[PDB]
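Right, one structure below, let's go through it.
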Amino acid sequence: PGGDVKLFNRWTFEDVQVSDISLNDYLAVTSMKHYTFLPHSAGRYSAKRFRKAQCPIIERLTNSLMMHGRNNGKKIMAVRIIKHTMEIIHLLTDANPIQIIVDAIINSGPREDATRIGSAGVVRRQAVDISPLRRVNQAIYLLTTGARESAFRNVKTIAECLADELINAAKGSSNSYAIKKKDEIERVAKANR
Amino acid sequence: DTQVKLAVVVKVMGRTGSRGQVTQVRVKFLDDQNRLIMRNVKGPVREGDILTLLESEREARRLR
Amino acid sequence: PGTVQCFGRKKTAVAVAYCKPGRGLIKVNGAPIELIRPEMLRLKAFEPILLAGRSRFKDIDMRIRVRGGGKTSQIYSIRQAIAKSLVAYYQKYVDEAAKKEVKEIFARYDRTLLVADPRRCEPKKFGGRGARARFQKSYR
Amino acid sequence: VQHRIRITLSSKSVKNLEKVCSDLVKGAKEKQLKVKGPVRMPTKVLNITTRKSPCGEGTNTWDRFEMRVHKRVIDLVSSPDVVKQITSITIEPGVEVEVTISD
Amino acid sequence: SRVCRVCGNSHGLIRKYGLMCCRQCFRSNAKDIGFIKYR
Amino acid sequence: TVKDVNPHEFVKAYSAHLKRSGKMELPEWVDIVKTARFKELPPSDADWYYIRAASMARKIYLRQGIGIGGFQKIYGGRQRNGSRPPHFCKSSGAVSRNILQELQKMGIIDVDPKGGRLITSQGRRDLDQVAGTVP
Amino acid sequence: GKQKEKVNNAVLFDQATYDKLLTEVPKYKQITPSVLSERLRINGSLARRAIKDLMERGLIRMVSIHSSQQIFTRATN
RNA sequence: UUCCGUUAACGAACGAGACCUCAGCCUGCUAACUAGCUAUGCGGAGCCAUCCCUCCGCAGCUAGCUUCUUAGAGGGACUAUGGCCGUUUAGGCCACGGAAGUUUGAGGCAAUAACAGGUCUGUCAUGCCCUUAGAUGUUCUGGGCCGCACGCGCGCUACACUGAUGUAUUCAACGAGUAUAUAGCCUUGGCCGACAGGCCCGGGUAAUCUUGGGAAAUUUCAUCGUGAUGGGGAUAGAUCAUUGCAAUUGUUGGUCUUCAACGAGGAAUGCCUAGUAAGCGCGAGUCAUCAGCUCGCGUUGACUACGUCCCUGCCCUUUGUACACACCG
Ligand SMILES: [Mg+2]
Ligand SMILES: [Mg+2]
Ligand SMILES: [Mg+2]
Ligand SMILES: [Mg+2]
Ligand SMILES: [Mg+2]
Ligand SMILES: [Mg+2]
Ligand SMILES: [Mg+2]
Ligand SMILES: [Mg+2]
Ligand SMILES: [Mg+2]
Ligand SMILES: [Mg+2]
Ligand SMILES: [Mg+2]
Ligand SMILES: [Mg+2]
Ligand SMILES: [Mg+2]
Ligand SMILES: [Zn+2]
Numbered sequence: 008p009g010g011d012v013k014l015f016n017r018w019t020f021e022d023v024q025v026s027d028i029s030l031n032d033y034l035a036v037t038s039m040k041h042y043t044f045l046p047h048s049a050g051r052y053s054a055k056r057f058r059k060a061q062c063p064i065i066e067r068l069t070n071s072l073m074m075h076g077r078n079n080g081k082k083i084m085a086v087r088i089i090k091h092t093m094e095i096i097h098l099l100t101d102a103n104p105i106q107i108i109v110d111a112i113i114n115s116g117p118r119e120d121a122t123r124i125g126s127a128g129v130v131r132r133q134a135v136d137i138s139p140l141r142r143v144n145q146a147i148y149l150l151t152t153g154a155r156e157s158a159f160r161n162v163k164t165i166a167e168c169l170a171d172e173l174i175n176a177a178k179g180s181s182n183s184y185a186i187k188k189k190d191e192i193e194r195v196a197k198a199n200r
Numbered sequence: 023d024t025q026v027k028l029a030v031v032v033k034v035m036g037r038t039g040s041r042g043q044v045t046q047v048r049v050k051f052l053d054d055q056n057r058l059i060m061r062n063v064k065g066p067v068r069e070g071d072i073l074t075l076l077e078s079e080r081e082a083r084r085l086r
Numbered sequence: 010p011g012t013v014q015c016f017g018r019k020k021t022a023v024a025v026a027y028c029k030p031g032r033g034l035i036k037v038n039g040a041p042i043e044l045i046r047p048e049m050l051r052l053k054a055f056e057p058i059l060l061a062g063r064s065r066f067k068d069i070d071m072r073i074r075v076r077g078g079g080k081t082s083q084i085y086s087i088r089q090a091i092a093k094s095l096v097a098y099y100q101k102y103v104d105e106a107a108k109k110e111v112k113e114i115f116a117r118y119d120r121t122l123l124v125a126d127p128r129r130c131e132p133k134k135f136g137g138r139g140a141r142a143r144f145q146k147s148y149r
Numbered sequence: 024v025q026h027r028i029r030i031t032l033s034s035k036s037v038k039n040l041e042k043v044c045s046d047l048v049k050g051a052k053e054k055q056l057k058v059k060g061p062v063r064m065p066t067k068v069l070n071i072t073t074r075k076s077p078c079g080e081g082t083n084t085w086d087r088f089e090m091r092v093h094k095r096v097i098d099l100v101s102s103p104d105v106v107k108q109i110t111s112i113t114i115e116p117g118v119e120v121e122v123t124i125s126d
Numbered sequence: 018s019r020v021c022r023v024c025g026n027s028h029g030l031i032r033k034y035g036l037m038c039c040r041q042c043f044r045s046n047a048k049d050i051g052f053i054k055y056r
Numbered sequence: 018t019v020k021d022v023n024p025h026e027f028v029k030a031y032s033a034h035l036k037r038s039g040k041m042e043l044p045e046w047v048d049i050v051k052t053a054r055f056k057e058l059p060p061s062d063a064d065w066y067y068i069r070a071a072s073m074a075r076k077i078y079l080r081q082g083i084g085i086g087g088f089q090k091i092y093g094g095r096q097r098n099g100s101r102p103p104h105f106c107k108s109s110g111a112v113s114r115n116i117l118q119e120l121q122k123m124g125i126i127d128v129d130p131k132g133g134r135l136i137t138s139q140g141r142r143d144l145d146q147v148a149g150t151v152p
Numbered sequence: 031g032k033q034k035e036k037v038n039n040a041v042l043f044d045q046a047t048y049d050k051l052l053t054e055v056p057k058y059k060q061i062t063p064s065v066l067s068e069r070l071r072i073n074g075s076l077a078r079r080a081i082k083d084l085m086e087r088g089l090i091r092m093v094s095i096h097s098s099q100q101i102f103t104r105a106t107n
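Chains as they are written, first to last, in the authors' numbering: chain ka, 8 to 200; chain ua, 23 to 86; chain la, 10 to 149; chain ma, 24 to 126; chain wa, 18 to 56; chain ra, 18 to 152; chain ta, 31 to 107.
This is how it looks when you write it as structure tokens:
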């Protein structure tokens, strides 16, 4: 897709390939519509259903960094964490940091879950599929929480807790909060099939 | 050994479950574009979305 | 005769970008545009310029006075002031169909470099200390 | 001969005050006076919130009373009698006129 | 040593703008004074 | 000049300038004061007094008619009151007044008619000359 | 990581981080950051935050400064 | 219970809607030196410097000045146009356009019938009863409403590094100023003072002065380094200053010192769907002094859902009742 516009004016959006065609529809990265200079846009997302699938993904990651009250709405701080984070990713991997995140989104999103449904008149938790958009939403959620928990009461910085999280998650090692939370969800859901 | 198979939501049926938390959909298998079976999705899902399925034999019943 | 005074708005930040037919100047309350002081939200102010080009501005100068709002709202404001002020100058002084190209550059990127957000601070109502939030309820 | 006489108008009523305001303007425009008006001033809004109950019981409910106040100004380059020769038309109920001699 | 100009009550008094009305006698005379409840 | 240069990196230059621009007087209360009611510790830096000067020598350059009761506000900040909610707190005027006194004696600022403190004709020069001496 | 409790133990200023170890601690992923070194080596900060300058004046690496005291590190070249 | 329609009913009345108020668009209109760009005159500086180029201050018959501000008029949206759905009716979903397509947003008003709901302590509103000079009347002094084994509710501050502190940097909005006495409510500017607070000249009954309210979080740059630490700030000791006729059971604001519980909180449980939740501060009420409160304001600004009747309740229909102070029967 055409356009030589880059995040923070350093990182190319071309040469990022999202493998799983399942959620290629909701990773707002690949098309030239989604390229943006900054992960900060005051777009009126959430206004309609599925509209937040159009929000550029690096912003969706950014939005989730602002939690637990003392971080709510502090988006300049949150985005600044993102810049340092991708500095560290290219520092440690020397690959496209955009590729790392979107591969970290794709490896750490549960494909199944258990919900309390009732067939025949009696309810209990039963195994179900997961829609792609909640899967992306869940993949973001796991990564950001895991980076958050480790940084707390740690000399380590959040930018680099986030960075270790994403590198390990994109590899797929059983080392991330996101990875272990993903697989326990699948294992439960598998059992209650 | 199950192989993760992909399907596409052709259409949406209802919102089952006690709390309504389960959209029931009809899926289209991509390996064989002939198998239209019911599945139960969690999360917002429209036609043209692609569901990852671990198993396939698990088939949802009507108004499940 | 090139002179246009086109504004842009965000929540309360209002920016007015007076223009003359110069060489390259872009100054916000007299200070260079290259220096506005969210240095993370600096690309947002620069966003119209990297969209069109420094070349498109080769015969105009910009003095973009701002008032009100906050920090972030102003950067989204100057964005429209720069973006809108260009097309108004182009509409009035260059060509009407040489700005159709310019507009579709701005519009295919973001729709809010020409048209503001109507969103505003919803009033507080009693029975709670927020727009929607209500005081915590206790039964026993 | 030609002074700076300012007429100040306040009221609680939008429609009523602009009846007088425009009449004064058209009053003196028929004399081809130097009439510099009306300068329209920020509306003041007096406010009281009071609890609706006389006993402090029930869901605490508040009523916001308020009052709009509108402020109008006219400039006339004229005399102390030309100002009064004009400003003798029927002042509509309640509208406040306080013409004074400016600097 | 400040009471309502209407009833002489010592509580809930409104000195704002110099009404010196209690919160109840004012409500009773509010529209007459000219405080419109627009909202 | 002043506005083309970073309002931070420049003041480092002007803080290194009032060191070596000859010298002036300096209080025998300088190293103890917290500069505000709400501060917790006195300024960390030893050569803070000239940085406060350099930072406040641009105020009159970029404004006019600032008294001491307004200079207190410019450097005030939030105040944490422990248990009770935090508020705004106005900083101290002894520090602010005296910085003016020194630069008055040195020909960067003067007392202003119509009230306030106004920049000098020739003080504008150096704040623009040293401005030119910044990257 | 008693790494401000360790800032004066003579091993440090003798050699400990004057390439005694910190050749390696970037080389784990070849330029691992000033703070990954700060915890991939069990020792933490401010014996390091002084030496983040010290190795910089020694011309072995190039470094950054910013908001959160994010700071970076490089091995060679 | 809004309509299409149905029809032993026909034709009407209330409620709903309409309505009313602020917000969202108006380079179109009336303007505006108590709002203000724009140009030009000069004045200060930088600099290829003499002029020009840039930032600045001061005045005017500068404007074929009103873009920015105020406040009046009116304009604009009506599901209008297109598509699929539907008794192809009423209406539904979507799409280009548009400031705007949940009635665009949020509020004000708001039916019949009731409750032994609260209020006789708001009202010289009020029946009956009690007392009425040794008073349950009034007035003054002092004390109490604040007392502390304990249980409960709304909250403030935290348990830290997405941070504390100390620099530097700088962006709002809503309101407010009773002869306030001899400056006086809001208080600019000068000087004294480490803070606190004083002395002085004054401005404003206010788009004119305070104040274009230079707000905080934030943004930078250092210092700290996983340690009940420099997190946190209860408790207490000493002193100073202000308000008031009076500060004691510390009115409050300072300075030094003291450095507690608290390591994210069990069973339970509240509020909340986009400028929203959450964070941040400001103004107003009370007010001589005191705001951890309430009513408003702006600033940064999301996650999630676009559903269901499962829990808690509400409306309509059908049905059962030995209930009618009505299932708490
Ligand atoms: Mg940490
Ligand atoms: Mg706070
Ligand atoms: Mg409505
Ligand atoms: Mg009563
Ligand atoms: Mg009590
Ligand atoms: Mg309450
Ligand atoms: Mg502290
Ligand atoms: Mg700070
Ligand atoms: Mg108060
Ligand atoms: Mg709903
Ligand atoms: Mg039966
Ligand atoms: Mg009976
Ligand atoms: Mg029973
Ligand atoms: Zn009364």
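For each residue, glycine too, the CB sits at the ideal point set by N, CA and C.
* Asked: DSSP state of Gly125 (chain ka), grouped into three classes?
  -> strand
* Residue-level contact to chain ra via CB, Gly39 (chain la), 8 Å cutoff -> yes
* Closer than 9 Å by beta-carbon distance: list the chain wa residues that pair up with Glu89 (chain ma), in chain order. => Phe52, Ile53, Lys54, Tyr55, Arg56
* To do: Starting from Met90 (chain ma), trace the beta strand (DSSP E) both ways and give me its first and last residue.
  => 85-100
* Asked: How big is the Cα-Cα spacing for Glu121 (chain ma) and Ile31 (chain wa)?
  -> 29 Å
* **Euclidean distance between Cα positions of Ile107 (chain ka) and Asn98 (chain ra)** => 45 Å
* Which of helix, strand or coil does DSSP assign to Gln14 (chain la)? -> strand
* Asked: For a contact meaning CB atoms closer than 7 Å, what does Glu56 (chain la) contact in chain ka?
  -> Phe44
* To do: Look at the alpha carbon of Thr121 (chain la) and the alpha carbon of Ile112 (chain ka), and state the distance between them as a whole number of angstroms.
  => 29 Å
* Mind listing which residues of the segment 63-97 of chain ma have their C-beta closer than 7 Å to chain wa's C-betas, in chain order? -> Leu69, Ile71, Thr73, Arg74, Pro77, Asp86, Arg87, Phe88, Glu89, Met90
* **Residue-level contact to chain ma via CB, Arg19 (chain wa), 8 Å cutoff** => no
* Any heavy atom of ligand 1 closer than 7 Å to the CB of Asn73 (chain ta)? -> no
* Mind checking which residues open and close the beta strand (DSSP E) that includes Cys21 (chain wa)? => No beta strand (DSSP E) holds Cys21 (chain wa); DSSP gives it neither H nor E.
* To do: Give the C-beta separation of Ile87 (chain la) and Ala24 (chain la) to the nearest angstrom, bearing in mind that I take them to be a contact with Cβ-Cβ under 8 Å.
  => 5 Å
* To do: Could you pull the start and end residues of the alpha helix (DSSP H) that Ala170 (chain ka) belongs to?
  => 165-178
* To do: Taking only the alpha-carbon atoms, compute the straight-line gap between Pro61 (chain ma) and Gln25 (chain ma) and give it to the nearest angstrom.
  => 19 Å
* List the residues of chain la that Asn16 (chain ka) touches, going by C-beta distances under 7 Å, in chain order. => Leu52
* **Proximity winner among ka:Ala127, ka:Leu169, ka:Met84, ka:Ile28, relative to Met73 (chain ka) (alpha-carbon distances)** => ka:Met84
* Do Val44 (chain ua) and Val135 (chain ka) have their C-beta atoms within less than 8 Å of each other? -> yes
* Asked: Tell me which same chain residues have a C-beta within less than 8 Å of the C-beta of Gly82 (chain ra), skipping the five on either side of it?
  -> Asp129, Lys131, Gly132, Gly133, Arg134, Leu135
* Where the segment 22-52 of chain wa meets chain ma: residues whose CB sits under 7 Å from a CB there -> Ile31, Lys33, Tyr34, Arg40, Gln41, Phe43, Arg44, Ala47, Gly51, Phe52
* **Contact with chain ua by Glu172 (chain ka), beta-carbon distance below 8 Å** => no
* Helix or strand or just coil, what does DSSP make of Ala54 (chain la)? -> helix
* Identify whether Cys106 (chain ra) lies in helix, strand or coil by the three-state DSSP scheme. => strand
* Asked: Around the Cβ of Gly149 (chain ra), are there at least 16 other Cβ atoms within 10 angstroms (buried) or fewer (exposed)?
  -> exposed
* In terms of residues, what are the limits of the beta strand (DSSP E) holding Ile73 (chain la)? -> 70-76
* To do: Would you grab the beta carbon distance between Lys112 (chain la) and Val96 (chain la) for me? Rounded to a whole angstrom, and I think it's under 8 Å.
  => 6 Å
* Kindly indicate the opening and closing residues of the beta strand (DSSP E) around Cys28 (chain la). => 23-29
* Asked: Along chain la, in chain order, which residues have C-beta atoms closer than 7 Å to that of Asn98 (chain ra)?
  -> Within chain la, no residue comes near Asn98 (chain ra); the closest Cβ sits about 20 Å away, beyond 7 Å.
* Asked: When the Cα of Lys20 (chain ra) is compared with those of la:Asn38, la:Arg143, la:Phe55, which residue comes out closest?
  -> la:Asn38
* To do: Return the residue from the list la:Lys134, la:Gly77, la:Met71, la:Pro132 that minimises the CA-CA distance to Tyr98 (chain la).
  => la:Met71
* **Residue of ra:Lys90, ra:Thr18, ra:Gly140 minimising C-alpha distance to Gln121 (chain ra)** => ra:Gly140
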